[PDB]
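Residue numbers (UniProt numbering), protein chains in the order written: chain G, 14 to 119; chain R, 12 to 120; chain Z, 39 to 135; chain A, 38 to 135; chain L, 32 to 126; chain U, 30 to 126; chain D, 22 to 103; chain P, 22 to 103. Reading through the structure tokens given below for one structure.
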Amino acid sequence: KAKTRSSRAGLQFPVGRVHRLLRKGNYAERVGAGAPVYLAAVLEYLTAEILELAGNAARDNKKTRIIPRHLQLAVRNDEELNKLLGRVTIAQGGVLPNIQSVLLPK
Amino acid sequence: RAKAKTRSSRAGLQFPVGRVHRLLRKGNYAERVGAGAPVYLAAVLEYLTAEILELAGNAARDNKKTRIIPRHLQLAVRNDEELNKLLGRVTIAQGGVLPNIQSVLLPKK
Amino acid sequence: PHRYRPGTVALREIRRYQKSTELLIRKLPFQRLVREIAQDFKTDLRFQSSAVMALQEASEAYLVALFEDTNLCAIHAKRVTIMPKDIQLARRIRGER
Amino acid sequence: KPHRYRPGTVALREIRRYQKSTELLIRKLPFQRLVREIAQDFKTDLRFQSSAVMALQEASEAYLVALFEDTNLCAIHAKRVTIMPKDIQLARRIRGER
Amino acid sequence: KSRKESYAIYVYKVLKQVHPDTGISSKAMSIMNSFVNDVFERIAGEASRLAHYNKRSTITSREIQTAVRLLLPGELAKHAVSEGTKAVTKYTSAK
Amino acid sequence: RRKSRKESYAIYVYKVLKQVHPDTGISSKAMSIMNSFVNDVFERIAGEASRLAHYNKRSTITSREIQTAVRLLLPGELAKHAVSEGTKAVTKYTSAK
Amino acid sequence: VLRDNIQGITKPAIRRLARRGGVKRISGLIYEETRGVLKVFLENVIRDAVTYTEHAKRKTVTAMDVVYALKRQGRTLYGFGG
Amino acid sequence: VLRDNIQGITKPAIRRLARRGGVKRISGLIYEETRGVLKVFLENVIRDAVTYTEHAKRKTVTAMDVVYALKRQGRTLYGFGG
DNA sequence: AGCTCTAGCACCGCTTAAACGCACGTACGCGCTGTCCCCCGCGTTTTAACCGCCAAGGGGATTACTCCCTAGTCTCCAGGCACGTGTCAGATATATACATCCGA
DNA sequence: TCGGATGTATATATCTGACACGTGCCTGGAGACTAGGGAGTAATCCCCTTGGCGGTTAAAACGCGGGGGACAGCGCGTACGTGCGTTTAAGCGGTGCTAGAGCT
């Protein structure tokens, strides 16, 4: 019986695919076996964080399907995923609802 | 054995194609490096070096100096509109800044 | 008859367009502009339908972001009307000019 | 009565002097202590190459000088001669630093 | 090749683990896949620089951990390092 | 002990200086900047040449990748001259042994 | 040959973009300045995109070509491929 | 041991930097704003520099660590190697 | 080099709602003014930055040795990915609450 | 003040095409074994960072006068917003094709 490296680490992201991409990407002459495991975990964790905040935004909008609007709202409302994705444009994401108080009526 | 002649001298370049070739390989930029790749790259680097040194030498003469110093390099890189675009994100050590004052700050009669 | 005063609907339009995700520029006119520019680099180029949309998404996002920077510098001059000098200052402080 | 230059005259002379020369404007020791103070908060007993402190100073002075140019522009844009904190805050906000 | 590899299945499995009641549009999924690929390239890209700067020839957990400490903001980094170290610990301990 | 050899573009920058300005010299500090500049531009073109090969999933970096990388990274007139210089160097080199 | 299509980007479209950007009031000159700015922006992105197309020896600009151009210019776009 | 050295960067030092930046008149409030901005700038660069030092398991921060930190931060410094 | 057959390009026809030109008001640009304050310019005071020389030790660089870790290859098999499918989430349509703005 | 206008938000129902589910299968991961050198260890060295003393002398700090500019307040006008009638062409549906991306 063969047990996939993803299940050994308790991860969903494919360690094998991450290992193959690390090797095929020519990022270095060699790739330690711990590197794809560690990287897959970081990517899987960051994926959950985005999806978690996006899911909350969806529930707040009484929606149960994540759409680009929820991703943008989550990314821009999160004080640190915005720092990670400050240079990133999200298709159909739009912008955060924001009006400067100087523009509002007295 | 034929007399060894450097690829740079064959290409009529001062920059070492061999060194550029070794770095293109040692840096693992790709699995393989075509023999023409380091020649083309060395020529571009040699040209860009001449471009900055020419303007820097002019700035040195304009400053009545014979040795190029970082000030001359900054004045050259910043006075040229294209070099300032290529090196806009680049800071030059001890280069200072261009001697420009906003006209609105100058006194008026 | 009833009429909304100047800026009343503008505040409503802001909410409408901030609440909406769709592209604000007409798709076909933007595609024509892309072609007009692209043809200068190479004749009879072809564009994937998704490539034109990618250009529009980026162009609208860039302009919207620029208008925010424009608005912020307009507010800094204690003005509410954005002027070309606001765009010029924003583009200058952003480092793209 | 003693000779006195008009307000801003010496400022213009100072601008020329500091723009013409390439001397570093921050004292090395106060900046070096500042670097080690900030560094001591990230990892204890770190050591700094003399050139490493200088590299940080050149970047820091270039960053602040560039920021002051952008700050002067937004101050001038507000039709003001005196730069205010809101000018720096706007420059940083437009620069995407906030 | 004709077959295209995407994180769709894994993003969906993570979504199921996060919010089983919640779905995700194909457009949002495309964004997520592009985000995962971009973050992968950033970490692997920085990991290559770290190895080269030390003239090292292999990417290890230390390079990934350091790249994550450099690219991720502080709390994302601390939590991602905890997740990465936990996953490597379980993997190595499970043997 | 003896210091292990550190490579530098110093002598090549100097030979180019002697060409553009035989009477002009260059301080060690300015030379260090020029060396940093050469290395930075090298890494930028090489980094883009890698992406180009990778985007087409090619295994070899050739003159085509370098020429395209130069056109992308360098500004308009610098690119035109650099492409001309790179082409002239490569074409004449091909005529050699 | 298509020409003078920049004026085809309607005045309300520029207004809508400004409204989304939070602009309450728009000067009559913003429309020409925005078209010029957009013209420069699209020129830079299309120049690089076409350059990738030409290097690939292709005649059709793929959406990935635009993403690479945007990626090179530090404005990476998510949603059109990885 | 070390404390408050951000206040040791003198008011004239900030003035000189502003004068080189072409600023003709400087409000007294700029000094504290500048120290705060300078502090966060140095913190970001030093954090990355120390991270390179730590990954190399070294105890002294080299000029290369600073140059790589700056390069990663998006601002390249010429004249210190690399 | 060769084939495939994708989908990009082109056009017609109809729809309609966005775009436009124009009417006309008053919101807001900003010239002008007042004024007071706070920043400048200078002298005085002073302090710690700087220079320079010496300690010393540690940690960085180097050599030598090792070994255990990864790349390559092979076998294998079931995970993952196009095809198939359908059912139910939100678009569309309708009713209708409820806050905000305007005209008096 | 304030009530009326009135757009936006919310609640309900029908629908539907999109994604959630199922399947076939095959290829790339997993298991196995190897070589061998990169990384890790240990010993060494020395240099360069930290640390101290001395002093001086330039630079910083401190006070002050005062002036000019920050900007509150004002005037005021025209530019820009809103509304309307007009019409424009974008968008959609459909049909044609074939360059040229994709694969071998």
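Note that beta-carbon positions come from the ideal geometry of N, C-alpha and C, so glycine has one too.
Environment of residue i [buried if 16+ CB atoms lie within 10 Å]
i                 : result
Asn111 of chain G : exposed
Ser58 of chain A  : exposed
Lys92 of chain P  : buried
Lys45 of chain D  : buried
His40 of chain Z  : exposed
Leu107 of chain L : buried
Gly68 of chain G  : buried
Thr77 of chain R  : exposed
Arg70 of chain A  : buried
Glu60 of chain A  : exposed
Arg18 of chain G  : buried
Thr89 of chain U  : exposed
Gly43 of chain P  : buried
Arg54 of chain Z  : exposed
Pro51 of chain L  : exposed
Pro81 of chain R  : buried
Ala15 of chain R  : exposed
Cutoff 7 Å: residue i Cβ touching any chain U Cβ
i                : result
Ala70 of chain D : no
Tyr73 of chain P : no
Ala77 of chain D : yes
Cβ pair residue i, residue j closer than 7 Å
i                 : j                 : result
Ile131 of chain A : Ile131 of chain Z : yes
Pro122 of chain A : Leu59 of chain P  : no
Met63 of chain L  : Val42 of chain L  : yes
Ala70 of chain P  : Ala90 of chain P  : yes
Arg36 of chain G  : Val44 of chain G  : yes
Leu63 of chain P  : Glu74 of chain A  : no
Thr72 of chain P  : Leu101 of chain L : yes
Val55 of chain G  : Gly76 of chain L  : no
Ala22 of chain R  : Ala118 of chain U : yes
Proximity test, Cβ basis, 7 Å: residue i and chain Z
i                 : result
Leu104 of chain A : no
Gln105 of chain G : yes
Through-space distance from residue j to residue i, alpha-carbon basis
i                 : j                 : result
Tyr40 of chain G  : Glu53 of chain P  : 44 Å
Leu109 of chain G : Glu57 of chain G  : 26 Å
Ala46 of chain R  : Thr91 of chain U  : 7 Å
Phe66 of chain L  : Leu52 of chain G  : 14 Å
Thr53 of chain L  : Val118 of chain A : 56 Å
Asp25 of chain P  : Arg56 of chain P  : 11 Å
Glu106 of chain Z : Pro44 of chain A  : 37 Å
Enclosing alpha helix (DSSP H) for residue i [first to last residue]
i                     : result
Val50 of chain G      : 47-73
residue 13 of chain P : Because chain P is modelled from 22 through 103, residue 13 of chain P falls outside the range shown and cannot be assessed.
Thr120 of chain L     : 105-125
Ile125 of chain Z     : 122-132
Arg37 of chain P      : 32-41
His114 of chain Z     : 87-114
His32 of chain G      : 28-37
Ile52 of chain A      : 46-57
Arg87 of chain U      : Looking at the DSSP string, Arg87 of chain U is not in any alpha helix (DSSP H), and its letter there is neither H nor E.
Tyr38 of chain U      : Where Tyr38 of chain U is concerned, there is no enclosing alpha helix (DSSP H), given that its DSSP letter is neither H nor E.
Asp52 of chain L      : Element bounds for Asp52 of chain L: n/a, residue is neither H nor E.
For residue i, the first and last residue of its enclosing beta strand (DSSP E)
i                      : result
residue 169 of chain P : The requested residue 169 of chain P is not part of the displayed model; chain P covers only 22 to 103.
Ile103 of chain R      : 101-103
Cutoff 7 Å: residue i Cβ touching any chain G Cβ
i                 : result
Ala39 of chain L  : no
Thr97 of chain L  : no
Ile113 of chain Z : yes
Closer than 7 Å to chain A by CB, residue i
i                : result
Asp82 of chain Z : no
Closer than 7 Å to chain P by CB, residue i
i                : result
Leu64 of chain R : no
Any chain R beta carbon closer than 7 Å to residue i
i                 : result
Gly43 of chain P  : yes
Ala111 of chain U : yes
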